[PDB]
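Residue numbers (PDB author numbering), protein chains in the order written: chain A, 54 to 264; chain C, 159 to 264; chain G, 20 to 242; chain I, 20 to 232.
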Amino acid sequence: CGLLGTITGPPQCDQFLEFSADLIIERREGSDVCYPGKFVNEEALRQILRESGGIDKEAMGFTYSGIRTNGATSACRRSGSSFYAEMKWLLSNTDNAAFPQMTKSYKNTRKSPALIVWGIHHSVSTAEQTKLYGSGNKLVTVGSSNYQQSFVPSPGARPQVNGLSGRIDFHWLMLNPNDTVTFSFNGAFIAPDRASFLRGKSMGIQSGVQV
Amino acid sequence: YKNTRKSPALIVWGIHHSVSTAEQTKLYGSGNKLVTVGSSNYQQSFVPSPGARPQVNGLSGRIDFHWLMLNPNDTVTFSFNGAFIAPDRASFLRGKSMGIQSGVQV
Amino acid sequence: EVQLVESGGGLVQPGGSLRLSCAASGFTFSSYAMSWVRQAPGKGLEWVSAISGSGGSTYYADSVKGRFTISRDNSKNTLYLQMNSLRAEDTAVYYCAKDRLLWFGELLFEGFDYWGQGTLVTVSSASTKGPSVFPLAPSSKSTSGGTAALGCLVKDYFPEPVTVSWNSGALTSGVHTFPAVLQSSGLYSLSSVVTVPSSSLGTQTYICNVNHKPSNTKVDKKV
Amino acid sequence: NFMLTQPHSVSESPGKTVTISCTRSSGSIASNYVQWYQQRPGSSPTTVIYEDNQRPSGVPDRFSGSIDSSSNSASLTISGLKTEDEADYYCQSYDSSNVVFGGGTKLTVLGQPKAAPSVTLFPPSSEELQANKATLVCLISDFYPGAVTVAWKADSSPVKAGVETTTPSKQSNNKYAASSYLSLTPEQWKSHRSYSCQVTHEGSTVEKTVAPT
Ligand SMILES: *[C@@H]1O[C@H](CO)[C@@H](O)[C@H](O)[C@H]1NC(C)=O
Ligand SMILES: *[C@@H]1O[C@H](CO)[C@@H](O)[C@H](O)[C@H]1NC(C)=O
Numbered sequence: 054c055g056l057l058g059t060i061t062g063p064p065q066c067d068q069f070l071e072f073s074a075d076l077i078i079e080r081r082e083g084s085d086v087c088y089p090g091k092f093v094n095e096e097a098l099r100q101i102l103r104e105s106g107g108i109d110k111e112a113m114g115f116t117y118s119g120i121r122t123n124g125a126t127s128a129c130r131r132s133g134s135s136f137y138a139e140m141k142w143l144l145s146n147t148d149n150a151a152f153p154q155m156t157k158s159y160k161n162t163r164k165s166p167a168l169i170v171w172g173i174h175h176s177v178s179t180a181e182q183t184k185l186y187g188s189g190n191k192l193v194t195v196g197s198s199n200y201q202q203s204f205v206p207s208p209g210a211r212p213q214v215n216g217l218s219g220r221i222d223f224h225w226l227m228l229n230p231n232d233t234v235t236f237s238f239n240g241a242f243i244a245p246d247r248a249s250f251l252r253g254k255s256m257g258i259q260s261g262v263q264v
Numbered sequence: 159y160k161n162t163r164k165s166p167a168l169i170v171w172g173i174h175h176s177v178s179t180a181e182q183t184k185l186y187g188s189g190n191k192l193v194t195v196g197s198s199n200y201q202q203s204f205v206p207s208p209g210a211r212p213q214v215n216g217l218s219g220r221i222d223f224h225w226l227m228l229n230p231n232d233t234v235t236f237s238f239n240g241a242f243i244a245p246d247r248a249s250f251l252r253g254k255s256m257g258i259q260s261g262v263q264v
Numbered sequence: 020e021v022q023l024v025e026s027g028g029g030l031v032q033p034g035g036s037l038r039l040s041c042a043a044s045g046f047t048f049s050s051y052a053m054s055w056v057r058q059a060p061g062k063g064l065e066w067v068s069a070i071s072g073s074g075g076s077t078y079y080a081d082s083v084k085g086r087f088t089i090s091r092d093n094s095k096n097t098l099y100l101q102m103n104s105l106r107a108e109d110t111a112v113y114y115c116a117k118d119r120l121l122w123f124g125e126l127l128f129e130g131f132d133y134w135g136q137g138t139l140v141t142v143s144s145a146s147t148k149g150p151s152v153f154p155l156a157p158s159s160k161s162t163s164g165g166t167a168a169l170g171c172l173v174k175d176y177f178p179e180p181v182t183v184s185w186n187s188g189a190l191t192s193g194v195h196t197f198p199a200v201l202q203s204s205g206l207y208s209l210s211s212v213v214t215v216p217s218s219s220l221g222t223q224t225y226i227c228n229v230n231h232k233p234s235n236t237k238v239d240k241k242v
Numbered sequence: 020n021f022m023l024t025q026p027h028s029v030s031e032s033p034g035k036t037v038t039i040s041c042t043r044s045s046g047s048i049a050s051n052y053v054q055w056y057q058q059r060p061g062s063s064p065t066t067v068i069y070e071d072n073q074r075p076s077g078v079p080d081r082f083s084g085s086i087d088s089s090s091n092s093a094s095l096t097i098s099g100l101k102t103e104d105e106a107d108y109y110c111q112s113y114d115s116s117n118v119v120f121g122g123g124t125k126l127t128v129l130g131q132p133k134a135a136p137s138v139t140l141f142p143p144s145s146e147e148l149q150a151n152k153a154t155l156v157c158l159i160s161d162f163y164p165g166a167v168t169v170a171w172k173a174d175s176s177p178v179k180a181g182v183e184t185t186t187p188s189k190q191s192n193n194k195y196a197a198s199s200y201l202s203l204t205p206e207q208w209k210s211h212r213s214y215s216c217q218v219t220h221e222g223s224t225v226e227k228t229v230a231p232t
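Put into structure tokens, the structure is as follows:
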């Protein structure tokens, strides 16, 4: 399990979604991803998690209406095709090739800052992008009181990793208590299902020796 | 491109920022241009920024360069539809040295 | 050059098994999912099953699920399809088709890019049978511009061929013997008709001569 | 799942331009990729289109792909027909784990003027009615192009069980012939009012009817 894979929950990290520790050990074989991609500002988020003491997961409770939320692949494989356990690959309807302009928001009711993570999908080609999330220019915005940033997918061919030439870009912000995060998106979104809270203090290391 | 050598490779490319959207489509055609670079430890994407600029050497265009470092046996893959200054040769480092900045004689 | 080759096609009594094997070459076989497509003799294409590059995931069609088992050996660059509890419906030509992706069954299928040459699997309890000839009588003295339509009906015969002549080879002009139909029972059947003048109806004798050599059954029939 | 629907017969003159359409029953046509395979008789199929418009290396530029989301159709298009383009054309698409194949389309390059088929429909012989069997023979001769559709009707109603229809084969005179034999039992034969053999060719229907005695 990769230390960042605890946030997204790829199949390797199914047993580490809500761990709690004083000492966290990363191993050289840990991969944070199943569907190829990488975290923006990865090390800062790793440094945050190493001294986090653990992760508590609270459902964010997004409901989606009249789109496809079963996105899956045989790269993230648990039973058959699957995906990241904490997230959802939002596709378009089989009936209509449209992705409606959606607005989804979350309020952090808790006393600790919330680790919100999400992905932006870079399809292999515009053909692939239009087939999954519908035609037209795709746009994803993220906003809070502190944080604001907007994202547009960059379709194109990437080197094969686990059979896929596409890439998912994972982004994250930290909601302060009582603040609100809002997602506008009409496609190319990997929405969070659950948020993440830090359990305490700990120390992370990197090693390859017996415990 | 695949790194067949026993040492990290240095890959450099450029993006062309044309003086206008007309200049830009003259060279590469109409459309929106996007370059995507990707490897194991690296993935990034770049968009040409055409528009009015002041002259530098009587030229209002710009070419900025980007670079990663390919680890051995790692494969780099480009996806471009224009505004791509493509690399012909990769660079390999030879060993250890030391660099200085000076304005006196050797 | 990518090339696929299938072997193992034969004739099988219904209720039997057959292990088809497709041979791959000219590409990295381990990194491309493979699939089996069949075509009934005179019907469209029908996808049968598929298998991932690793070999762990295996996907079957409904019509064959549980009876067919697909497998592969990445070292021998060979594909396999185990066909069990065979039926008359499963009689077709089977191709192995290289899939364009590593994984099969995920949100998007780019088709196939190369097709093996094919192999014929035939399933029928082929008992050799002599035909049973029936006369096709002409219309009630109704005609068009003098013509008329009468013939002989060859029914439930196996195997091909038969030979149908009229009046021991005398009547040649105006005859038409149709190709046989391979009906559901695994047997053939055909007819042959003559365009004759409507005058001689009732005043002349037309005899059809059917000759089936494998059954040693030869019958002359009158209309 | 869903089903795809192409015409059975398409014909045109050399150098002209055809389109073979493919219509999807359920689900949008632009929700997954569509292929176009071609099968010249006696050879394995080969793929002339993938991802709804893309030509493999070695496919003449006269082949084009298309997607019409309004009609929910995908349409092949061949410019400047050659004589070697004469084949059967299958469209293909995809669902959850299901691979859907079109019915197939027979593309004929006209080498001779079109000729409507000649239908001759026979009742069952009284001798077979003594074998407690009954067989209807619909003989179809001298048509071009070599594509027909045979439909049987029991007195006003489609009957598909017991029918056996031949693949059209060329006669001596470069025209095609076929047969269609409906199997019945004498109790069903004397049951209804009439029996019909409907042969469809190039959008025209020639119906013939027979009856007991
Ligand atoms: C957040 O709001 C709740 C009530 O909505 C209040 O009880 C709490 O004090 C607030 N916390 C902060 C840090 O403002
Ligand atoms: C690089 O790849 C070659 C070819 O597969 C292999 O022989 C070699 O051991 C590899 N070396 C490294 C350092 O990856």
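Each residue gets a CB set at the ideal place from its N, CA and C atoms; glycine is no exception.
Residues that DSSP places opposite residue i in a beta bridge
{"i": "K101 of chain I", "result": "For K101 of chain I, which the question treats as bridged, DSSP gives no partner whatsoever."}
{"i": "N230 of chain G", "result": "G:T182 and G:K237"}
{"i": "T38 of chain I", "result": "I:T96"}
{"i": "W142 of chain A", "result": "A:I243"}
{"i": "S199 of chain I", "result": "I:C157 and I:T184"}
{"i": "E25 of chain G", "result": "G:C41"}
{"i": "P154 of chain G", "result": "G:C171"}
{"i": "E111 of chain A", "result": "A:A248"}
{"i": "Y114 of chain G", "result": "G:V56"}
{"i": "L64 of chain G", "result": "G:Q58"}
Proximity test, residue i beta-carbon vs ligand 2 heavy atom, cut-off 6 Å
{"i": "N231 of chain C", "result": "yes"}
Buried/exposed call for residue i, threshold 16 Cβ in 10 Å
{"i": "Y225 of chain G", "result": "buried"}
{"i": "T154 of chain I", "result": "buried"}
{"i": "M140 of chain A", "result": "buried"}
{"i": "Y133 of chain G", "result": "buried"}
{"i": "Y176 of chain G", "result": "buried"}
{"i": "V21 of chain G", "result": "exposed"}
{"i": "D81 of chain G", "result": "exposed"}
{"i": "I258 of chain A", "result": "exposed"}
{"i": "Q54 of chain I", "result": "buried"}
Close-in-space but distant-in-sequence residues of the same chain around residue i (CB under 8 Å, 5 per side omitted)
{"i": "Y186 of chain C", "result": "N239, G240 and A241"}
{"i": "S178 of chain C", "result": "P208, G209 and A210"}
{"i": "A49 of chain I", "result": "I86 and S88"}
Contacts around residue i, its chain only, beta-carbon distance under 7 Å, and the 5 residues preceding and following it disregarded
{"i": "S188 of chain I", "result": "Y195 and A196"}
{"i": "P143 of chain I", "result": "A153, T154, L155 and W208"}
{"i": "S176 of chain A", "result": "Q182, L185, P206, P208 and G219"}
Own chain partners of residue i with C-beta closer than 6 Å, once the 5 adjacent residues on each side are dropped
{"i": "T127 of chain I", "result": "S30 and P164"}
{"i": "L139 of chain G", "result": "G28 and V112"}
{"i": "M102 of chain G", "result": "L37 and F87"}
{"i": "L172 of chain G", "result": "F153, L155 and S210"}
{"i": "residue 265 of chain A", "result": "Coverage of chain A is limited to positions 54 through 264, which leaves residue 265 of chain A absent and any answer about it impossible."}
When you check each C-beta in the segment 20–52 of chain G against every C-beta of chain A, which residues fall closer than 9 Å? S50
Interface residues of the segment 154–181 of chain G facing chain I [CB-CB below 8 Å]: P154, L155, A156, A168, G170, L172 and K174
For the segment 140–155 of chain A, which residues have a beta carbon sitting closer than 8 Å to at least one beta carbon of chain I? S145, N146, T147, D148, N149 and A150
Quick one: which residues of the segment 141–169 of chain I get their C-beta closer than 7 Å to a C-beta of chain G? List them in chain order. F141, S144, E146, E147, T154, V156, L158 and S160
At a Cβ cut of 7 Å, what residues of the segment 61–73 of chain G count as close to chain I, listed as they run along the chain? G61, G63, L64, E65 and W66
Short-range partners of chain G found in the segment 25–50 of chain I, where Cβ spacing is below 7 Å: none
Using a Cβ cut-off of 7 Å, which residues of the segment 74–90 of chain G contact any Cβ in chain A, in chain order? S76
Note down, in chain order, all residues in the segment 121–141 of chain A with a beta-carbon under 8 Å from any beta-carbon belonging to chain I. none
If the cut-off is 8 Å on Cβ atoms, which residues from the segment 215–231 of chain G count as contacting chain I, listed in chain order? none
Selection of the segment 155–185 of chain A by Cβ proximity to chain I, strictly under 7 Å: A180 and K184
For the segment 83–104 of chain I, list every residue whose C-beta sits within 9 Å of some C-beta in chain A, in sequence order. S88
Scan the segment 87–116 of chain G for residues whose Cβ lies nearer than 8 Å to a Cβ of chain I and list them as they occur along the chain. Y114
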